[PDB]
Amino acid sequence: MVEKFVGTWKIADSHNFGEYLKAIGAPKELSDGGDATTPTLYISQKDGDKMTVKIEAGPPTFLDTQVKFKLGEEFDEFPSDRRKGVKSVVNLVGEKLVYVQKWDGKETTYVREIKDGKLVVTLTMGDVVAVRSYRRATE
């Protein structure tokens, strides 16, 4: 189930991602150009239940990172966008993956799936919604 996410991905499309980042209160300097950012993801999994994801943030800041979690187990995150007290939990909803972050009383959601070969993520903060899609690297 998670297996279909594993691999290396490069951005292909980005939609309203700068306004999304602006919507979660991310700094202007970090929100500006958000759809021009080219992250590379390195996704792996273990026992069908734990996942690891290394991100190479790429130009210009190279805020490279990694997250490790278990499906269901809430964990603490320290996001590029500079928020605090962030608790995140990831769970399978059917064949989609659902990622929820909570901080400062607030809630944002990330829904990721596979769509004609592309890893597609819909980001939701309120009714501010962004979409980005990744194609296999480099194939």
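So that there is no doubt, residue numbering starts at 1 and follows the sequence shown.
Novice: Going by the mean C-alpha B-factor recorded in the entry, which is higher: 106-114 or 60-68?
Specialist: It is 60-68 that shows the higher mean C-alpha B-factor.
Novice: For the higher mean C-alpha B factor in the entry, choose 7-15 or 120-128.
Specialist: Taking the mean C-alpha B-factor of 7-15 and of 120-128, the larger value falls to 120-128.
Novice: Just grab whichever of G33, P27, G48, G85 has the top CA B-factor as deposited.
Specialist: Answer for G33, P27, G48, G85: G33, with the highest C-alpha B-factor.
Novice: For the chain shown, is the CA B-factor of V90 in the lowest, middle or highest third of its modelled residues?
Specialist: Its C-alpha B-factor belongs to the highest third of this chain's values.
Novice: By the record's CA B-factor, is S44 among the lowest, middle or highest third of residues in the chain?
Specialist: Lowest third of the chain for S44's C-alpha B-factor.
Novice: Among all modelled residues of this chain, ranked by Cα B factor, put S80 in the bottom, middle or top third, i.e. lowest, middle or highest.
Specialist: Its C-alpha B-factor, which the entry lists for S80, ranks in the highest third among residues of this chain.
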